[PDB]
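Numbering (the authors' numbering), first residue to last: 252 to 301.
The structure appears below as structure tokens.
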């Protein structure tokens, strides 16, 4: 649920973004992905940099 699913949370947000409902605010999935993936390994030295 941290970085093996860094592809999977992006793919799930992309599959939710295939639904075009409220496309300005349909990046709430992208906001949850940007919170989740960057908050996955927030304790790091360089691995969060990319």
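Heads up, the beta-carbon is just placed ideally off N, CA and C, and yes, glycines get one too.
Buried or exposed for residue 264, please, with buried defined as at least 16 other CB atoms from any protein chain shown within 10 angstroms of its CB.
-> buried
If you count every other CB in all the chains shown that lies within 10 Å of the CB of residue 273, and 16 or more means buried, which is it?
-> exposed
Residue environment, residue 293, which counts as buried when at least 16 other CB atoms sit within 10 Å | exposed
From what residue to what residue does the alpha helix (DSSP H) around residue 286 run?
-> 279-289
Other residues of its chain near residue 280: CB distance less than 7 Å, five sequence neighbours each side excluded | 264, 267, 268
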